[PDB]
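Below sits a lone chain in structure tokens, taken as the form deposited in one PDB entry.
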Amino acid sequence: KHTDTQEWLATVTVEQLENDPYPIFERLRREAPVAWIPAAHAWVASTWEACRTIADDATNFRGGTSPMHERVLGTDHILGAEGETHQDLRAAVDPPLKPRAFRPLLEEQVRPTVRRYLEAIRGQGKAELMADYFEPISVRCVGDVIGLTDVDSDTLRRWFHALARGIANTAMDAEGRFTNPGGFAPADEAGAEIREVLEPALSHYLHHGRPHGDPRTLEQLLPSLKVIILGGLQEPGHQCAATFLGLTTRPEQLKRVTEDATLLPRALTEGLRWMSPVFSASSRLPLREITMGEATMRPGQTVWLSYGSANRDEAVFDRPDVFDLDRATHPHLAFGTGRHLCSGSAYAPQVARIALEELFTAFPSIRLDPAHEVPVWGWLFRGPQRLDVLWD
């Protein structure tokens, strides 16, 4: 209620961003590609051009961090790392995620894992695909590829939730001090248990890109391993869910996919563009004063990269709100770009491909259960909250 971009920006709330992000980002792309949102106490980049320019600029921005990220992940986590520290951390975590390295696991581990949960839901006769199928597949396949084959999914899942709860533990006082330190304790305990597991892919972590006499240590690596458990463990499953949901909005395209599995790589890419799971949670911080258009950002301020809005940018895509398997080919920013580009960007679509291959081979008649609704939520991380389905 009032009695004008700046005026409007001051009224936008986090709850509106969480619940109705698309019309907000539609206005932002048009009126303020880099916008300060007072309720978010941060900048948000909404266009393809602004997101790619900020994300790729290794001279004037650094990878994002925050008090919670320092508290939960530890210092020199890979997200906020730059320079030789970042190059070294990428030298540690990237090798097992390259296609030549993970290729044998696809048929030796991933597809057998998928078929285990496929059989589980087959006995059910129907399913809530996210908790019943996509999430267990994602947790197990990411846990395996990063060298935690011997950690059970129940433990990987508890670690994920403890780290997430810690990142969400933002309550602060006027001095910038956390007021709920108890909300970090599950994350602290998770970190201790990860250390307990690893202290006795892994050999690559210590040695790859390092002098044979100077390997890495566990404390140098633990922040970046927690990054993966927090941010990698669930996202292949989220890609499956965004892709499944998008296909259901185009029945004729879903039908085609169920009769031709070679269309799945394209559907999965369009799924990521249509509902980017990491919608605005990526960020950078200015290293010096930066002015883009009318936005003057200053060192230390948070700049969220709304890759999800960039992937819905009318200047790049025609009718970007529509899922379209036959869309004119174009890259997307759902994995980011530049030096911080997702280390899992080659592995995640292969897990998702095999998960959907097996799903549509066994249940080609699969469809959303019309006795249920599909709630969709979030602007930092965005996706469906469940996917109740039926099949013949």
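The first residue of the sequence shown is number 1, and the count goes up from there. Rigid core (definition): largest C-alpha set, two forms, superposition within 1.5 Å.
Although not depicted, the form deposited in another entry is the subject of the following passage.
A.B. asks: Superpose on the rigid core and name the single residue from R266, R250, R158, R256 whose Cα moves by 2 angstroms or more between the shown form and the other one.
C.D. replies: Of all the options, the C-alpha that shifts by at least 2 Å belongs to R158.
A.B. asks: Is there a C-alpha shift of 2 Å or more at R195 between the shown form and the other one once the rigid core is superposed?
C.D. replies: Moves: yes, 2 Å or greater.
A.B. asks: With both forms fitted on the core, check whether the Cα of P331 differs by 2 Å or more between the shown form and the other one.
C.D. replies: Moves: no, less than 2 Å.
A.B. asks: Is there a C-alpha shift of 2 Å or more at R298 between the shown form and the other one once the rigid core is superposed?
C.D. replies: Shift at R298: below 2 Å after core fit.
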